[PDB]
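structure37.txt (compact mmCIF, C-alpha atoms)
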# COMPACT_ATOMS: atom_id res chain seq x y z
CA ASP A 50 11.22 -8.53 23.10
CA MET A 51 12.17 -6.04 20.35
CA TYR A 52 10.37 -2.89 19.19
CA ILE A 53 9.81 -0.60 16.19
CA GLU A 54 10.69 3.03 15.44
CA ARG A 55 9.78 5.09 12.38
CA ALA A 56 12.47 5.71 9.76
CA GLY A 57 10.52 7.83 7.28
CA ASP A 58 7.83 8.00 4.62
CA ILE A 59 7.69 5.35 1.92
CA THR A 60 8.08 7.27 -1.33
CA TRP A 61 9.81 7.21 -4.71
CA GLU A 62 12.53 9.89 -4.73
CA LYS A 63 12.83 11.96 -7.94
CA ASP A 64 16.53 11.88 -8.82
CA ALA A 65 18.03 9.10 -6.72
CA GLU A 66 21.44 7.59 -7.44
CA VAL A 67 21.40 4.64 -9.84
CA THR A 68 23.56 1.66 -8.85
CA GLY A 69 24.00 -2.10 -8.94
CA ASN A 70 24.26 -4.68 -11.69
CA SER A 71 21.38 -6.65 -13.14
CA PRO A 72 22.79 -10.19 -12.87
CA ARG A 73 21.03 -13.37 -13.96
CA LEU A 74 21.76 -16.09 -11.41
CA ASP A 75 20.76 -19.75 -11.16
CA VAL A 76 19.76 -20.23 -7.53
CA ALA A 77 17.94 -22.76 -5.36
CA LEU A 78 15.56 -22.17 -2.44
CA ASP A 79 15.87 -24.88 0.21
CA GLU A 80 13.15 -25.70 2.74
CA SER A 81 14.69 -23.36 5.34
CA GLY A 82 14.12 -20.29 3.16
CA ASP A 83 17.78 -19.94 2.22
CA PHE A 84 18.87 -19.19 -1.33
CA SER A 85 21.96 -20.87 -2.76
CA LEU A 86 23.94 -20.55 -5.99
CA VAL A 87 23.45 -23.63 -8.17
CA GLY B 16 0.67 1.53 19.44
CA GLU B 17 0.78 3.61 16.27
CA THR B 18 -1.14 3.70 12.99
CA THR B 19 1.26 5.76 10.87
CA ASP B 20 2.23 4.29 7.51
CA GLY B 21 5.91 4.40 6.62
CA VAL B 22 9.21 2.57 6.91
CA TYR B 23 10.32 1.48 10.38
CA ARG B 24 13.50 0.36 12.10
CA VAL B 25 13.39 -2.84 14.14
CA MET B 26 15.69 -2.29 17.12
CA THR B 27 16.77 -4.48 20.04
CA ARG B 28 17.15 -2.61 23.35
CA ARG B 29 18.15 -5.54 25.55
CA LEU B 30 20.55 -7.47 23.32
CA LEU B 31 23.91 -5.83 22.60
CA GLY B 32 22.40 -2.39 23.18
CA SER B 33 19.69 -0.78 21.05
CA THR B 34 21.00 -2.41 17.88
CA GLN B 35 19.14 -2.79 14.57
CA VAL B 36 18.15 -6.30 13.51
CA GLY B 37 16.03 -5.22 10.55
CA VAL B 38 13.62 -2.87 8.82
CA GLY B 39 9.85 -3.00 8.24
CA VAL B 40 6.88 -1.64 6.30
CA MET B 41 3.80 -0.31 8.07
CA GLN B 42 0.74 -0.07 5.84
CA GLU B 43 -3.03 -0.34 6.43
CA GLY B 44 -2.48 -1.10 10.12
CA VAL B 45 -0.28 -4.08 9.29
CA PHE B 46 3.47 -4.38 9.87
CA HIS B 47 5.60 -6.34 7.40
CA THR B 48 9.16 -7.64 7.75
CA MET B 49 11.39 -10.63 6.97
CA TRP B 50 11.02 -13.71 9.18
CA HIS B 51 14.68 -14.11 10.13
CA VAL B 52 14.52 -10.62 11.62
CA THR B 53 11.92 -11.24 14.32
CA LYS B 54 11.69 -15.04 14.18
CA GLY B 55 7.93 -14.52 14.26
CA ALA B 56 8.24 -12.98 17.72
CA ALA B 57 5.83 -10.33 18.96
CA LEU B 58 7.09 -6.75 18.81
CA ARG B 59 6.68 -3.57 20.85
CA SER B 60 5.31 -0.24 19.64
CA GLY B 61 6.29 1.56 22.83
CA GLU B 62 2.76 1.27 24.16
CA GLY B 63 1.38 -1.56 22.03
CA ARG B 64 2.48 -5.18 21.76
CA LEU B 65 2.25 -6.20 18.11
CA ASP B 66 1.63 -9.92 17.56
CA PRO B 67 2.45 -11.94 14.41
CA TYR B 68 -0.57 -12.64 12.21
CA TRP B 69 0.84 -14.71 9.36
CA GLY B 70 4.24 -16.32 8.84
CA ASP B 71 6.28 -18.29 6.32
CA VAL B 72 9.85 -19.48 6.90
CA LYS B 73 10.15 -20.63 3.28
CA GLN B 74 9.16 -17.20 1.96
CA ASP B 75 10.97 -15.62 4.92
CA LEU B 76 7.93 -13.40 5.56
CA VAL B 77 5.80 -12.45 8.58
CA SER B 78 3.08 -9.85 9.20
CA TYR B 79 1.73 -8.21 12.35
CA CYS B 80 -1.72 -6.94 13.40
CA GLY B 81 -3.17 -8.26 10.14
CA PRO B 82 -2.71 -10.29 6.93
CA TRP B 83 0.05 -9.57 4.41
CA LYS B 84 -1.25 -6.59 2.44
CA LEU B 85 1.56 -5.93 -0.04
CA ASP B 86 0.85 -7.41 -3.48
CA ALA B 87 2.53 -4.95 -5.87
CA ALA B 88 5.00 -6.69 -8.16
CA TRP B 89 8.02 -5.80 -10.29
CA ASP B 90 7.05 -5.39 -13.94
CA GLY B 91 10.22 -7.14 -15.09
CA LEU B 92 11.01 -3.96 -16.99
CA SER B 93 11.21 -0.77 -14.96
CA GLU B 94 13.96 0.35 -12.60
CA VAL B 95 13.14 0.07 -8.91
CA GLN B 96 14.26 1.78 -5.71
CA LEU B 97 15.52 0.26 -2.48
CA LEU B 98 14.48 2.55 0.35
CA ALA B 99 17.54 1.46 2.31
CA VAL B 100 17.48 1.98 6.07
CA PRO B 101 20.95 0.92 7.29
CA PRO B 102 21.82 0.68 11.03
CA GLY B 103 22.56 4.11 12.49
CA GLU B 104 22.01 5.85 9.16
CA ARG B 105 19.28 8.03 7.65
CA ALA B 106 16.92 6.39 5.15
CA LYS B 107 17.81 6.80 1.48
CA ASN B 108 16.40 5.73 -1.88
CA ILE B 109 18.65 3.73 -4.20
CA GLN B 110 17.58 3.35 -7.83
CA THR B 111 18.62 0.23 -9.75
CA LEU B 112 17.56 -2.26 -12.41
CA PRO B 113 16.84 -5.67 -10.83
CA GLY B 114 18.63 -8.82 -11.92
CA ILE B 115 16.98 -12.24 -11.92
CA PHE B 116 16.97 -15.17 -9.49
CA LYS B 117 16.41 -18.23 -11.69
CA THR B 118 14.80 -21.13 -9.82
CA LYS B 119 12.96 -24.30 -10.82
CA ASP B 120 9.64 -22.65 -9.96
CA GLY B 121 10.24 -19.67 -12.24
CA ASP B 122 12.11 -16.38 -11.94
CA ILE B 123 11.94 -13.58 -9.39
CA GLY B 124 13.54 -10.14 -9.33
CA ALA B 125 16.87 -9.64 -7.58
CA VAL B 126 18.71 -6.44 -6.66
CA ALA B 127 22.50 -6.15 -6.61
CA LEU B 128 22.63 -3.75 -3.66
CA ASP B 129 24.99 -4.48 -0.77
CA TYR B 130 23.89 -3.22 2.64
CA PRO B 131 24.88 -4.33 6.16
CA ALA B 132 22.94 -6.86 8.24
CA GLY B 133 20.06 -5.06 9.93
CA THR B 134 18.84 -3.58 6.66
CA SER B 135 16.64 -6.63 6.06
CA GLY B 136 13.01 -5.71 5.51
CA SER B 137 13.87 -2.50 3.69
CA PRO B 138 11.12 -1.88 1.10
CA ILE B 139 11.69 -1.96 -2.66
CA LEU B 140 9.57 0.51 -4.62
CA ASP B 141 8.14 1.00 -8.11
CA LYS B 142 7.77 4.46 -9.67
CA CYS B 143 4.35 4.84 -8.04
CA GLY B 144 5.79 4.42 -4.55
CA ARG B 145 4.31 0.95 -4.16
CA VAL B 146 6.28 -1.69 -2.24
CA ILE B 147 7.02 -4.55 -4.62
CA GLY B 148 9.05 -6.54 -2.10
CA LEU B 149 11.45 -6.55 0.85
CA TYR B 150 15.25 -6.56 0.92
CA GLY B 151 17.38 -8.97 2.96
CA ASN B 152 17.18 -12.49 1.54
CA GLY B 153 19.58 -13.47 -1.23
CA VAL B 154 23.08 -14.68 -2.05
CA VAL B 155 26.75 -13.71 -2.00
CA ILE B 156 28.66 -14.00 -5.27
CA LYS B 157 32.38 -14.60 -5.86
CA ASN B 158 33.03 -10.87 -5.39
CA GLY B 159 31.90 -11.02 -1.80
CA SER B 160 29.20 -8.72 -3.12
CA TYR B 161 25.53 -9.18 -2.29
CA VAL B 162 22.44 -9.86 -4.38
CA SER B 163 19.04 -9.86 -2.68
CA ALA B 164 15.78 -11.23 -4.00
CA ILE B 165 12.78 -8.93 -4.29
CA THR B 166 10.80 -10.91 -1.71
CA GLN B 167 7.05 -10.34 -2.00
CA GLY B 168 4.13 -12.13 -0.35
CA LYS B 169 0.57 -12.86 -1.45
CA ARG B 170 -2.54 -10.81 -0.66
Starting from the file, lay out its structure as structure tokens.
Amino acid sequence: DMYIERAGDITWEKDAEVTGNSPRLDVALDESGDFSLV
Amino acid sequence: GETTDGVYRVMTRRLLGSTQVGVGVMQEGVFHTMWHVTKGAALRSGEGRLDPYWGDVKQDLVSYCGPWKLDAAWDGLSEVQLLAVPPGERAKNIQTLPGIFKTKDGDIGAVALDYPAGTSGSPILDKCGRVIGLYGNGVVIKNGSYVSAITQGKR
């Protein structure tokens, strides 16, 4: 059945931690909505 | 039923205890999440049953109580912020510079942020606070690390 509960306001936080790479990846989107590495 | 904008947790009281299957954006009376989270099933707002309005398995997107209303897009330049809402954890903003998912039908933004299952539907923001997509659909690289697309629907 499921339900929803609030988690907070949607807002851009001033000095948030910066993480993650910025990778360029060749991928494919099949009919089922799944991505896959080429 | 509630009208408050903001980011929401999608929990599951009956199955394996009140666990978190995903996250969602409420805006302009419409709830947005990723399809594999709800499977296009109607949801509960405590007092109001929210029914799916539009759905797309290919885009992995569904909306409730109205059409998809998020149309802000990544500028292919700026750094973004994943408003991550992990299971059993307080919401937090995570700044990053998106990578790129290269497909035959063009390129879309992708964020290299690794968060547990149940975080799907977490909004990705631009520096104006506008949701430019949802987190939770992507790939796993050789590292075992995770890269999610910045999944955005049409308005």
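Between CA of residue 54 (chain B) and CA of residue 121 (chain B) the separation is 26.9 Å.
CA of residue 53 (chain A) is positioned 14.3 Å from CA of residue 101 (chain B).
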**Request:** Using only C-alpha atoms, pick whichever of B:123, B:72, B:165, B:139 has the shortest atom-to-atom distance to residue 82 (chain A).
**Result:** B:72
**Asked** If we count all atoms listed in the file, what is near residue 78 (chain A) at a cut-off of 8 Å, once residues fewer than 6 positions away on the same chain are taken out, given as a list in words?
**Response** residues 84 and 85 of chain A; 118 of chain B
**Item:** Neighbour list for residue 76 (chain A) as a VMD selection string, cut-off 10 Å, only C-alpha atoms, skip fewer than 4 positions in-chain
**Value:** (chain A and resid 83 to 87) or (chain B and resid 115 to 119 122 153 to 154)
**Coordinates-based distance that separates CA of residue 67 (chain B) from CA of residue 81 (chain B) (Å, one decimal)** = 8.0 Å
**Prompt:** Which chain B residues are at most 8 Å from chain A (counting only C-alpha atoms), as a VMD selection string?
**Reply:** chain B and resid 20 to 29 53 56 to 61 72 to 75 96 98 100 105 to 106 108 to 119 125 to 128 140 to 145 152 to 154
Hey, could you pull the box centre and edge lengths for region 58-75 of chain B, axis-aligned, 5 Å padding per side, all listed atoms, to one decimal in Å, as lines of an AutoDock Vina configuration file?
center_x = 5.2
center_y = -9.5
center_z = 13.1
size_x = 21.5
size_y = 32.2
size_z = 32.2
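Among B:129, B:120, B:43, B:94, the residue with the shortest atom-to-atom distance to residue 79 (chain B), counting only C-alpha atoms, is B:43.
Omitting residue 134 (chain B) and its sequence neighbours fewer than 6 positions away, and counting all atoms listed in the file, the residues within 9 Å are residues 24, 35, 36, 37, 38, 99, 100, 101, 102, 150 and 151 of chain B.
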Quick one: write out the picked residues with C-alpha atoms as a PDB file, keeping the file's coordinate frame?
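File written: selection24.pdb
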ATOM      1  CA  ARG B  24      13.500   0.360  12.100  1.00  0.00           C
ATOM      2  CA  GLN B  35      19.140  -2.790  14.570  1.00  0.00           C
ATOM      3  CA  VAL B  36      18.150  -6.300  13.510  1.00  0.00           C
ATOM      4  CA  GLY B  37      16.030  -5.220  10.550  1.00  0.00           C
ATOM      5  CA  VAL B  38      13.620  -2.870   8.820  1.00  0.00           C
ATOM      6  CA  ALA B  99      17.540   1.460   2.310  1.00  0.00           C
ATOM      7  CA  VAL B 100      17.480   1.980   6.070  1.00  0.00           C
ATOM      8  CA  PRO B 101      20.950   0.920   7.290  1.00  0.00           C
ATOM      9  CA  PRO B 102      21.820   0.680  11.030  1.00  0.00           C
ATOM     10  CA  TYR B 150      15.250  -6.560   0.920  1.00  0.00           C
ATOM     11  CA  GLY B 151      17.380  -8.970   2.960  1.00  0.00           C
TER      12      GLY B 151
END
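Shortest atom-to-atom contact with residue 130 (chain B) among B:156, B:107, B:64, B:161: B:161, counting all atoms listed in the file.
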Could you write region 44-72 of chain B as an mmCIF file, in the frame of the given file, with N, CA and C atoms rebuilt where they are missing?
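Once written, part.cif looks like this:
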data_model
loop_
_atom_site.group_PDB
_atom_site.id
_atom_site.type_symbol
_atom_site.label_atom_id
_atom_site.label_comp_id
_atom_site.auth_asym_id
_atom_site.auth_seq_id
_atom_site.Cartn_x
_atom_site.Cartn_y
_atom_site.Cartn_z
ATOM 1 N N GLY B 44 -2.429 -0.544 8.779
ATOM 2 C CA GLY B 44 -2.480 -1.100 10.120
ATOM 3 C C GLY B 44 -1.729 -2.401 10.299
ATOM 4 N N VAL B 45 -1.015 -2.819 9.260
ATOM 5 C CA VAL B 45 -0.280 -4.080 9.290
ATOM 6 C C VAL B 45 1.215 -3.837 9.125
ATOM 7 N N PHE B 46 2.019 -4.493 9.957
ATOM 8 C CA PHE B 46 3.470 -4.380 9.870
ATOM 9 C C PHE B 46 4.081 -5.570 9.150
ATOM 10 N N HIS B 47 4.973 -5.293 8.203
ATOM 11 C CA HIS B 47 5.600 -6.340 7.400
ATOM 12 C C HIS B 47 7.112 -6.331 7.567
ATOM 13 N N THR B 48 7.706 -7.511 7.710
ATOM 14 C CA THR B 48 9.160 -7.640 7.750
ATOM 15 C C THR B 48 9.591 -9.023 7.288
ATOM 16 N N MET B 49 10.888 -9.310 7.350
ATOM 17 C CA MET B 49 11.390 -10.630 6.970
ATOM 18 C C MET B 49 11.495 -11.517 8.209
ATOM 19 N N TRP B 50 11.187 -12.802 8.042
ATOM 20 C CA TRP B 50 11.020 -13.710 9.180
ATOM 21 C C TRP B 50 12.268 -13.832 10.042
ATOM 22 N N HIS B 51 13.432 -13.922 9.406
ATOM 23 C CA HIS B 51 14.680 -14.110 10.130
ATOM 24 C C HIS B 51 15.044 -12.906 10.993
ATOM 25 N N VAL B 52 14.298 -11.820 10.830
ATOM 26 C CA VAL B 52 14.520 -10.620 11.620
ATOM 27 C C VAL B 52 13.918 -10.763 13.010
ATOM 28 N N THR B 53 12.647 -11.151 13.060
ATOM 29 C CA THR B 53 11.920 -11.240 14.320
ATOM 30 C C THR B 53 11.748 -12.673 14.809
ATOM 31 N N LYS B 54 11.948 -13.631 13.906
ATOM 32 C CA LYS B 54 11.690 -15.040 14.180
ATOM 33 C C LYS B 54 10.226 -15.254 14.552
ATOM 34 N N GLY B 55 9.352 -14.429 13.985
ATOM 35 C CA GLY B 55 7.930 -14.520 14.260
ATOM 36 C C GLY B 55 7.594 -14.160 15.696
ATOM 37 N N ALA B 56 8.474 -13.402 16.341
ATOM 38 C CA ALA B 56 8.240 -12.980 17.720
ATOM 39 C C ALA B 56 7.421 -11.700 17.744
ATOM 40 N N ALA B 57 6.626 -11.533 18.794
ATOM 41 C CA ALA B 57 5.830 -10.330 18.960
ATOM 42 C C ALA B 57 6.733 -9.122 19.166
ATOM 43 N N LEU B 58 6.285 -7.960 18.703
ATOM 44 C CA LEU B 58 7.090 -6.750 18.810
ATOM 45 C C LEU B 58 6.417 -5.695 19.676
ATOM 46 N N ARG B 59 7.170 -4.651 19.998
ATOM 47 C CA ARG B 59 6.680 -3.570 20.850
ATOM 48 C C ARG B 59 6.568 -2.272 20.058
ATOM 49 N N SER B 60 5.497 -1.525 20.296
ATOM 50 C CA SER B 60 5.310 -0.240 19.640
ATOM 51 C C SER B 60 5.426 0.881 20.659
ATOM 52 N N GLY B 61 6.152 0.610 21.738
ATOM 53 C CA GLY B 61 6.290 1.560 22.830
ATOM 54 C C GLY B 61 5.159 1.413 23.822
ATOM 55 N N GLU B 62 3.934 1.399 23.312
ATOM 56 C CA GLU B 62 2.760 1.270 24.160
ATOM 57 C C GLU B 62 1.887 0.092 23.727
ATOM 58 N N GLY B 63 2.180 -0.471 22.558
ATOM 59 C CA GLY B 63 1.380 -1.560 22.030
ATOM 60 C C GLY B 63 2.168 -2.773 21.583
ATOM 61 N N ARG B 64 1.831 -3.930 22.143
ATOM 62 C CA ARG B 64 2.480 -5.180 21.760
ATOM 63 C C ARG B 64 1.885 -5.714 20.460
ATOM 64 N N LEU B 65 2.694 -5.724 19.406
ATOM 65 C CA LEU B 65 2.250 -6.200 18.110
ATOM 66 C C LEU B 65 2.538 -7.692 17.957
ATOM 67 N N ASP B 66 1.502 -8.468 17.662
ATOM 68 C CA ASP B 66 1.630 -9.920 17.560
ATOM 69 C C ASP B 66 1.596 -10.376 16.107
ATOM 70 N N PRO B 67 2.411 -11.388 15.770
ATOM 71 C CA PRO B 67 2.450 -11.940 14.410
ATOM 72 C C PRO B 67 1.093 -12.487 13.977
ATOM 73 N N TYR B 68 0.712 -12.204 12.737
ATOM 74 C CA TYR B 68 -0.570 -12.640 12.210
ATOM 75 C C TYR B 68 -0.394 -13.817 11.257
ATOM 76 N N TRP B 69 0.552 -13.678 10.338
ATOM 77 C CA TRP B 69 0.840 -14.710 9.360
ATOM 78 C C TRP B 69 2.347 -14.866 9.230
ATOM 79 N N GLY B 70 2.815 -16.078 8.955
ATOM 80 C CA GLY B 70 4.240 -16.320 8.840
ATOM 81 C C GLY B 70 4.601 -17.410 7.846
ATOM 82 N N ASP B 71 5.788 -17.294 7.263
ATOM 83 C CA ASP B 71 6.280 -18.290 6.320
ATOM 84 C C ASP B 71 7.803 -18.286 6.322
ATOM 85 N N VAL B 72 8.394 -19.353 6.848
ATOM 86 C CA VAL B 72 9.850 -19.480 6.900
ATOM 87 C C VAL B 72 10.428 -19.660 5.496
#
